[PDB]
Amino acid sequence: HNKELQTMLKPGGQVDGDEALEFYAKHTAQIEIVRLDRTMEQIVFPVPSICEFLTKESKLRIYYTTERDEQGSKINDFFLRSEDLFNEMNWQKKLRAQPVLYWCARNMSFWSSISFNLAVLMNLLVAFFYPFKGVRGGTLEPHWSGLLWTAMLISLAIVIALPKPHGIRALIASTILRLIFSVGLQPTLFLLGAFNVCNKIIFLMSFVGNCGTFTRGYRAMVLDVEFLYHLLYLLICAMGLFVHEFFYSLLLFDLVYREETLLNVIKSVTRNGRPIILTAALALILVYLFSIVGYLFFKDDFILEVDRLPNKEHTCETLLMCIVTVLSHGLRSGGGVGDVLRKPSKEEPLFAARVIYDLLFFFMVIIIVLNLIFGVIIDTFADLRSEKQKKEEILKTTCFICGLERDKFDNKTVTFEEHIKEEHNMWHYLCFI
Amino acid sequence: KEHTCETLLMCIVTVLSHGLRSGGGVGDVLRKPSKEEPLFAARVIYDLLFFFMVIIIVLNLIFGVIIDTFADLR
Amino acid sequence: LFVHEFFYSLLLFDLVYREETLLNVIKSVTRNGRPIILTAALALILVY
Ligand SMILES: [Zn+2]
């Protein structure tokens, strides 16, 4: 009401009285509610001291992952997420006392990134030369020591660069390559495996630290799928350290499945999986009918050429199951079944029968069915892109709480961007709860 | 004499990238199982899994990404 | 002009990148390049 009073607590950023004014402005929220008589009134309250103990990553997760129900409102799931956020803030305040556990839980990204990187490098080491018979052999430059000296020069040039601006993995890779030639490769791989397993057993503690599920017991931490996945990763890492080496390749999926875009394209493939499975079943039954037709009428045309392992050049398939195997062999090769069956030679009476048989198989099975599978995949891309742009637009041009659109705030003595940060800020609603 | 073998697990990756082409899959370059060796069904499911999953799903994934980018741009 | 001749072929790209529709289709390819690179890496690990 007092315009003179209003214009001297707000612009207090440029005055010397900063402590009291910006402290009390920072620690004061504002919320609007509706009472029984459907009247809207405004409440000004102090924020709790525990509400500042909330990580902004969880805030972004709550802002993005909340979805609207059939009535078009996000508050119903927001309440449950608010309760979970309250428990998370309680555990964060409890955790902040410990100096070393908070240091481990504060740096999860470093442990995860270095584990991913050195497991990738471990897979690259086991992939290039498996039998571990030497390092001197190579189709590279005239000496392997030349490439080793080049790597040493690269490491020396990277050791005088800027402090961790770029090339941090380059010097480590050069050092690992230089250690590979000085000492035997199996000691180097044992050292790298021990480093990865100690990295994983400290990262598991770092993960269970800030995600404080383990303070309530054992059932909740055991039943968690993410903890089980991390434990499985640790188990197969220890198994690949102790018996043979291919389990690093096994955990390469868990490595490369950490980002979102590769996830999105794959998991679009796994979205409408039931049309894909049913189309595969349709292909199987079409192959079955074509195989029994070939068993009935073209039994002697199924001569195909094979080569025999040393202790005549042709085999026949007459069991109606080997014929299904041959038709699934001919489901590949693009042309169809006519590329594996013997050539009709234009003079046998079953020539036109062979021509229409081959053309029907090729056209109907190959074209229609394989194009059906690919059309299902493409349509799933279209559906995902449409719903993603729809939810992004409704998040960007609509208030989270009020649900009103940007078009209602044309002039109205206010703006939308101050409405959605002062009048209807949802973190003020969480603070009030 | 007219034939070579690849036993290094890197030459095998080279041969599998050689067989990532040719459309049919890896079953067109490997020798024919001749129906009587015990590892016949293992070869059949191996070839079918490689062809179906790798060829169909992955190459159709790349082309689907390209087509979806056309749709977004338009 | 001074050494060998194939650098005319090298500058043929700069020649054909002067219109707009070709640029539109090329960077329809290279707009979402990171899904394509990650799908290629997925193919590489499946081959492995
Ligand atoms: Zn509002």
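Throughout, chain A uses Swiss-Prot numbering, with the displayed residues spanning 2166-2476, 2524-2645 in order.
We read in the header that electron microscopy, 3.0 Å was used to get this structure.
Just so you know, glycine gets a Cβ as well, placed from its N, Cα and C.
Taken verbatim from Swiss-Prot:
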BINDING   A:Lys2221, A:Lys2224, A:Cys2611, A:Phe2612, A:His2636, A:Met2638  ATP binding site
TOPO_DOM  A:2296-2306  topological domain 'Lumenal'
TOPO_DOM  A:2328-2353  topological domain 'Cytoplasmic'
TOPO_DOM  A:2375-2397  topological domain 'Lumenal'
TOPO_DOM  A:2419-2440  topological domain 'Cytoplasmic'
DISULFID  A:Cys2528-A:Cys2534  disulfide bond
BINDING   A:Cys2611, A:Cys2614, A:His2631, A:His2636  Zn(2+) binding site
A:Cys2528 (disulfide bond) versus A:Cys2614 (Zn(2+) binding site) - Cα distance in angstrom: 74
Non-local residues, at least 6 beyond the ends, that sit with Cβ under 8 Å of the topological domain 'Lumenal' (A:2375-2397): 2253, 2256-2257, 2259-2260, 2270-2271, 2273, 2365, 2368-2369, 2419
Listed recorded positions adjacent to ligand 1, that is, members of A:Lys2221, A:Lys2224, A:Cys2528, A:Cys2611, A:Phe2612, A:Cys2614 whose C-beta is under 6 A away: A:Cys2611, A:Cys2614
From recorded positions A:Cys2528, A:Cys2534, A:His2631, the one whose Cα lies nearest A:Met2638 (ATP binding site): A:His2631
Sorted by sequence, non-A:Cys2611, A:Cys2614, A:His2631, A:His2636 residues with Cβ within 8 Å of centre, Zn(2+): A:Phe2612, A:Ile2613, A:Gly2615, A:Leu2616, A:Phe2628, A:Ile2632, A:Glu2635
Recorded positions listed as A:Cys2534, A:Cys2611, A:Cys2614, A:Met2638, least Cβ neighbours within 10 Å: A:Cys2614
Chain B contacts among the recorded positions A:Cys2534, A:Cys2614, A:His2631 (Cβ under 8 Å): A:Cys2534
Minimum Cα separation from A:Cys2611 (ATP binding site), reported as the residue among recorded positions A:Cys2528, A:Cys2534, A:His2631 that achieves it: A:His2631
Per DSSP, three-state class assigned to A:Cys2534 (disulfide bond): helix
Under 8 Å by Cβ from A:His2631 (Zn(2+) binding site), counting only residues of that chain that are 6 or more apart: A:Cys2611, A:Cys2614, A:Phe2621
Distal contacts, the topological domain 'Cytoplasmic' (A:2419-2440) - CB-CB under 8 A, six or more residues away: 2277, 2281, 2284-2285, 2288, 2394, 2398, 2588-2589, 2591-2593, 2595-2596
